[PDB]
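J.:
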Amino acid sequence: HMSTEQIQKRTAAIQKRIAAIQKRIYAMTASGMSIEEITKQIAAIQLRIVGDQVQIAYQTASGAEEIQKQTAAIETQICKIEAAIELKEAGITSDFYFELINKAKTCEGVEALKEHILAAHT
Amino acid sequence: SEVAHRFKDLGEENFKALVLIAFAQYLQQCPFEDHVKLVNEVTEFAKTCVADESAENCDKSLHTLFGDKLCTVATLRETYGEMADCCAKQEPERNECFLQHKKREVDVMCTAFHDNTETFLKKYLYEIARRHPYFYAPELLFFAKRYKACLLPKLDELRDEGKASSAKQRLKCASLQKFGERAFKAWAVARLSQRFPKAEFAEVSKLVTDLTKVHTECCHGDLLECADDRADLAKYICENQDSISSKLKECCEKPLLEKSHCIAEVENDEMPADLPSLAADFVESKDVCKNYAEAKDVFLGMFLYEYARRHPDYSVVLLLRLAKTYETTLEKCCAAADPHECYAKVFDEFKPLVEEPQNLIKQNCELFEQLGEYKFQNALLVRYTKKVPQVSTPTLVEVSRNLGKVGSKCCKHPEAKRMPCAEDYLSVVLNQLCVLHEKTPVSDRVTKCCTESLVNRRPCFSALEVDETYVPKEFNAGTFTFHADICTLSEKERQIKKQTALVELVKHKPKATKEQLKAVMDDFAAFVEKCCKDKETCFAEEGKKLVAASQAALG
């Protein structure tokens, strides 16, 4: 129940990234195990987006629990997904490294482990 | 622009201290008055860069900008040593050269500190950065802030504490250039993993990656980038402390310069309960060779991550020998017909590697817990002198008492924490000996050990035997006959004089018995009570009587 203009920008920021993920995954499907679960995580993150877009509507209809723990884990979930796309594109076909990426607690470590796998592969 | 970027991030006071430290770390010759004007002009120029990012030539690198002011005064070759030759070149060759040139009253100081708070504080760092070019720059800022907070035992504690961090950073900067970035990152994975066993591999790899950028910058004289970055990794750990460790809660309450120092010293986190065996995913798995082939360094780093998080009792170097041996077998095994059957017994090869230092710690701590710091330091001085008799008598005494001091502050702790304490201290003294021997070489075997991989630097020294190429030089010219000058002072502080008598007696009679040498050292300690209880008159009578006993061995 705060920053409704910044929440419009915050929601729109995730939407641009999901679209970016979807293009790179739709290209990949005729270009690596996470692929079925990536499409599930995209659909699950969209539920959070709908929830935000409904929250905006609810506040507009009402006279107006500020949860950032869902937002943060969403951004890190977007990173775990984007990283898995950079790895599939890199030719990593190994369910060990995918789990390592998905097992990470922070988007900061998601990219650091990504770049590490990426250089080690070359 | 890059100078204005660093001036804004770092504090106004912290920026000044950093540029003064970086100037004294390189042109250590120019005194305080010369360097302070250059530091002031750089801050005054950066002040303008803050306002107009394009104007005033704010666009140049910290090495061209802060490397042209360091060269403006460094014009003549005589108003500096051979380091002024570096000045003739242009970046990046200019800073590449500056790196290659590595080479006192309780109410008296306060009379100068009261008048100028800035003149006293800046003076602490000027000569401390000129006397230690490889000291960690952000740590030196905290060291001076600590100094700004009775004044005799506190400064002695900060002298000894600062001596440990300086030495620690010399080792860090040494492994980076001498053994590579991958070698530092490999140590990073191991020591961080022991420290933060709760953190997932990605968070550890993040700390490894960010910490390498910090220490690489600090060693490369990028002292302003180093402190800025050391603060950012410190913020990140504190912001995500559940994802890293438990211990970090209090460290993160502390202010900026302290917050970083605390996290670095933080206690090992209580490793997660009931972790599976690394054997399952590193020996049993069907895809061990496929995963290793995929990203070889990441797979090995993962091996180290798991082994280290589970072994906080091991040394970092032991974890590296276990990682190295696993890598070595994985390399050979993946090529074989049945790689699985090839490496199936790999962990059984780690047994002698982990036994060797545990057995050494237990054998040496058995002697320490029965001889004390004097009769154990004396025993180590006989063995280490017989091993390498090419070392200078007082340098061998210093490293013998220093290596013995390890057993003192290591055997107290139990078998579970003896090894990481022992390796930590032993590494620090061995690097202080190797730095001292690199400058004045005396032994080809010491050269071999120091030149060998940082991992087997200590194993090399422990393998040494009595140098069979040494001809007993039996002088007896004042070395075997001590001076009665220390008799008048009389103290356990001058134990180095009594010790240097032993190391000369070992070098002049090398094939001496373990009991024979203890009888010549017990008769020498008894002869001291003549010169402790006719002052110089006791030295002539004891010199003739002690030399008569030495005739029964005649080495």
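Keeping their order, the protein sequence lines are chains A and B. For the first sequence, the numbering used here puts the final residue at 122, and the numbers step up evenly by one. For the second sequence, the numbering used here puts the final residue at 1555, and the numbers step up evenly by one. The beta carbon of each residue, even a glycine, is placed where N, CA and C say it ideally should be.
If we count the other Cβ atoms within 10 Å of its Cβ and call it buried at 16 or more, is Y1136 (chain B) buried or exposed?
T.: Label assigned to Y1136 (chain B): buried.
J.: Would you mind working out which of B:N1057, B:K1069, B:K1178, B:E1105 sits nearest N1431 (chain B), comparing C-alpha positions?
T.: Considering only alpha carbons, the answer is B:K1178.
J.: Among B:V1106, B:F1143, B:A1280, B:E1369, which has the Cα closest to the Cα of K1163 (chain B)?
T.: Ranking the options by Cα distance to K1163 (chain B), first place goes to B:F1143.
J.: So, is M2 (chain A) buried or exposed, given that buried needs 16 or more other C-beta atoms within 10 angstroms?
T.: It is exposed - the Cβ of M2 (chain A) has fewer than 16 other Cβ atoms within 10 Å.
J.: Taking the straight line between their C-alpha atoms, what separation do you get for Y1305 (chain B) and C1450 (chain B)?
T.: Computed Cα separation, rounded: 27 angstroms.
J.: Distance check for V1189 (chain B) and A1280 (chain B), CA to CA, integer angstroms please.
T.: When rounded, the distance between both Cα atoms is 21 angstroms.
J.: If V1455 (chain B) sits next to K1324 (chain B), beta carbons under 8 angstroms apart, how far is it from one beta carbon to the other, in whole angstroms?
T.: Contact flag correct, Cβ pair sits at about 6 angstroms.
J.: According to the Cβ coordinates, are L1300 (chain B) and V1382 (chain B) closer than 8 angstroms?
T.: Result no, Cβ atoms of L1300 (chain B) and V1382 (chain B) do not sit closer than 8 angstroms.
J.: Only counting runs of 4 or more residues, tell me where the alpha helix (DSSP H) segments fall wholly within the region 1294 to 1322 of chain B, in order along the chain.
T.: As far as the region 1294 to 1322 of chain B is concerned, its whole alpha helix (DSSP H) runs of at least 4 residues are 1296 to 1310.
J.: Compare the beta carbon distance of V1446 (chain B) and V1388 (chain B) with 8 angstroms and say whether it is the shorter of the two.
T.: Yes, these two residues count as a Cβ contact at 8 angstroms.
J.: I'd like to know if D1274 (chain B) contacts chain C, where contact means its C-beta is closer than 8 angstroms to some C-beta of that chain.
T.: Absent from the structure is chain C; the protein chains it does hold are A and B.
J.: So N1456 (chain B) is in the alpha helix (DSSP H); what residue range does that whole segment cover?
T.: Here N1456 (chain B) belongs to no alpha helix (DSSP H), and DSSP marks it neither H nor E.
J.: Which residues, taken in chain order from the region 1290 to 1322 of chain B, show a beta carbon closer than 8 angstroms to some beta carbon of chain A?
T.: Per Cβ criterion, the list reads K1290, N1291, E1294, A1295, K1296, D1297, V1298, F1299, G1301, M1302.
J.: Between the region 39 to 57 of chain A and chain B, which residues of the former have CB atoms less than 7 angstroms from a CB of the latter, in chain order?
T.: Hits within the stretch: zero.
J.: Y97 (chain A) lies in the alpha helix (DSSP H); which residues open and close that run?
T.: Its alpha helix (DSSP H) spans residues 95 to 103.
J.: DSSP on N1291 (chain B), reduced to helix/strand/coil?
T.: Note: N1291 (chain B) maps to helix in three-state DSSP.
J.: So does the region 1117 to 1130 of chain B actually touch the region 1019 to 1035 of chain B, counting three or more Cβ pairs closer than 8 angstroms?
T.: Segments in contact, yes.
J.: For the region 1200 to 1224 of chain B, enumerate the residues whose C-beta is nearer than 7 angstroms to any C-beta of chain A, in chain order.
T.: Per Cβ criterion, the list reads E1200, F1201, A1202, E1203, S1205, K1206, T1209.
J.: Using DSSP with H/G/I as helix, E/B as strand and the rest coil, what is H1114 (chain B)?
T.: If DSSP states are grouped into helix, strand and coil, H1114 (chain B) belongs with coil.
J.: By how many angstroms is the C-alpha of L1257 (chain B) removed from the C-alpha of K1235 (chain B)?
T.: Near 11 angstroms, if we compare the C-alpha coordinates of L1257 (chain B) and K1235 (chain B).
J.: Going by beta-carbon coordinates alone, are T1479 (chain B) and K1535 (chain B) separated by less than 8 angstroms?
T.: Not in contact: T1479 (chain B) and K1535 (chain B) (Cβ atoms no closer than 8 angstroms).
J.: At a CB-CB cut-off below 8 angstroms, which residues of chain A make contact with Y1080 (chain B)?
T.: Residues of chain A passing the Cβ test: none, with the nearest at roughly 40 angstroms.
J.: Can you confirm whether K88 (chain A), when its beta carbon is compared against all beta carbons of chain B, has any partner nearer than 8 angstroms?
T.: By this cut-off, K88 (chain A) is not an interface position.
J.: Roughly how many whole angstroms lie between the Cα atoms of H1005 (chain B) and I1237 (chain B)?
T.: Whole-angstrom Cα-Cα distance: 23 angstroms.
J.: What does the Cβ neighbour count give for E65 (chain A), buried or exposed, with the cut at 16 atoms within 10 Å?
T.: By the neighbour-count rule (16 or more Cβ atoms within 10 Å), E65 (chain A) is not buried but exposed.
J.: Spatial neighbours of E1200 (chain B) within its chain, please: C-beta separation below 8 angstroms, excluding the five flanking residues on both sides.
T.: Hits under 8 angstroms: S1243.
J.: Please confirm whether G1180 (chain B) and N1095 (chain B) have their CB atoms less than 8 angstroms apart.
T.: Contact flag unset, no.
J.: Leaving out the 5 sequence neighbours to the left and right, which residues in its chain are closer than 8 angstroms to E1056 (chain B) when beta-carbon positions are compared?
T.: Hits under 8 angstroms: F1045, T1048, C1049.
J.: With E1091 (chain B) and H1063 (chain B) assumed to form a contact (beta carbons below 8 angstroms), what rounded beta-carbon distance in angstroms separates them?
T.: Contact holds; Cβ gap of about 5 angstroms.
J.: With H, G and I counted as helix, E and B as strand and the rest as coil, what does DSSP make of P1339 (chain B)?
T.: Looking at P1339 (chain B) - three-state DSSP - the assignment turns out to be helix.
J.: Does the distance from the CB of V1039 (chain B) to the CB of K1008 (chain B) come in under 8 angstroms?
T.: Their beta carbons are not under 8 angstroms apart, which means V1039 (chain B) does not touch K1008 (chain B) by this criterion.
J.: Counting only C-beta atoms, is residue 1592 (chain B) closer than 8 angstroms to chain A at any point?
T.: Limits of chain B in this structure are 1001 at one end and 1555 at the other, which puts residue 1592 (chain B) out of reach.
J.: Below 9 angstroms on C-beta distance, what does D1287 (chain B) contact in chain A?
T.: What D1287 (chain B) touches in chain A: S94, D95, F96.
J.: Would you call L113 (chain A) buried or exposed, if buried means 16 or more other Cβ atoms sit within 10 Å of its Cβ?
T.: Classification of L113 (chain A): buried, given that the 10 Å Cβ count is 16 or more.
J.: Measuring alpha carbon to alpha carbon, tell me which of B:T1212, B:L1360, B:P1420, B:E1327 ends up nearest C1173 (chain B).
T.: The candidate whose alpha carbon is nearest that of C1173 (chain B) is B:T1212.
J.: Is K1123 (chain B) near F1032 (chain B), with beta carbons less than 8 angstroms apart?
T.: Yes, Cβ-Cβ distance for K1123 (chain B) and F1032 (chain B) is below 8 angstroms.
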